[PDB]
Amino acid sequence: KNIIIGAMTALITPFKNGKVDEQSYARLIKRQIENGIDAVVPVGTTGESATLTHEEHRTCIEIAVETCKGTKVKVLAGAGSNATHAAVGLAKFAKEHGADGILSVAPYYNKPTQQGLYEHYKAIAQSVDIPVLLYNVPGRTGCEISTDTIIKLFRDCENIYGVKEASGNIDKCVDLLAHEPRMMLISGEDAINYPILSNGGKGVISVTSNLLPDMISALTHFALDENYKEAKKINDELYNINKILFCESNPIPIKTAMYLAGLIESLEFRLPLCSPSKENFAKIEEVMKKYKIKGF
């Protein structure tokens, strides 16, 4: 099975005057490359996929594919939908633009059954020849890919190599790797990056790595090299920023931190996303002061 693992970054999408800042986008990806990141996730949830046009979806994948050309860094493009015909199209679309693999969110809002989730991902997997990573975030989608469904998809479809978990359920990550230890469990929650890695997870798709890519990649590589003491040290160290980056819904705090760190020009979102409250703005700025934020 072809896999994409290690320290991965859910790229924010900087906007300037209602348009994608294409020069900040490429500049941020080369900052990710230069801080040990193994793969970048363009136009995911942290990249405000939902409010991007499908042309802008193309632009940020092409920028990500080009900026990581000639490097070891892979591009795991966000290509998910709650409509299977659309998800299949987004998967073929990401392949035809150079992405090394796709992250495919569980169908949101329409709450498909487990049988439907299987057929949903089966159609996606059969439409591409690139790796497919499932994304389970039940707090956002309103549905859950069960352990049995994840394992059945991993064994029955050849492109599906694992799942990114954002469920706050370390029990399920024991459930997953105890019954199917060959899959690539990916941490989708920065606060519990080390516990997921120490149980056999093989990477993270991180929000905090937008601001502190060196620390998240160091954390991941420590754990993969079985230096659990140094991996846990970084994880404990980042708990404060890992939690404050979710004081409001992602990616509102991380974009605030990127702006406060002077890494993006504008604290600009696309509605229904907006700037944080003045109190959370201050709290985010206060937690940052404890970290050394790498520049360009």
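A residue's number is simply how far along the shown sequence it sits, counting from 1.
Colleague: I need to verify one thing: averaged over C-alpha atoms only, is the B-factor higher for 120 to 128 or for 134 to 142?
Modeller: Comparing 120 to 128 with 134 to 142, the higher mean C-alpha B-factor belongs to 120 to 128.
Colleague: Check the PDB entry and point out which of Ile244, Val41, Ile252, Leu267 has the largest C-alpha temperature factor.
Modeller: In this record, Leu267 carries the highest C-alpha B-factor of the candidates.
Colleague: Using the B-factor values recorded in the entry, state whether the Cα atom of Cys274 falls in the lowest, middle or highest third among the modelled residues of its chain.
Modeller: Bottom third by C-alpha B-factor.
Colleague: According to the PDB entry, is the CA B factor of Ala94 in the bottom, middle or top third of its chain, that is, lowest, middle or highest?
Modeller: Its C-alpha B-factor belongs to the highest third of this chain's values.
Colleague: Using the B-factors in the PDB entry, rank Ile192's C-alpha atom against the chain and give the third, lowest, middle or highest.
Modeller: Ranked within chain, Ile192 CA B lands in the lowest tercile.
Colleague: Based on the deposited C-alpha B factors for this chain, I'd like to know if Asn159 is in the lowest, middle or highest third.
Modeller: Answer is highest: the recorded C-alpha B-factor places it there.
Colleague: Divide the modelled residues of the chain into thirds by Cα B-factor and specify which third, lowest, middle or highest, holds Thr71.
Modeller: Within its chain, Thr71 is a highest-third residue by C-alpha B-factor, going by the deposited values.
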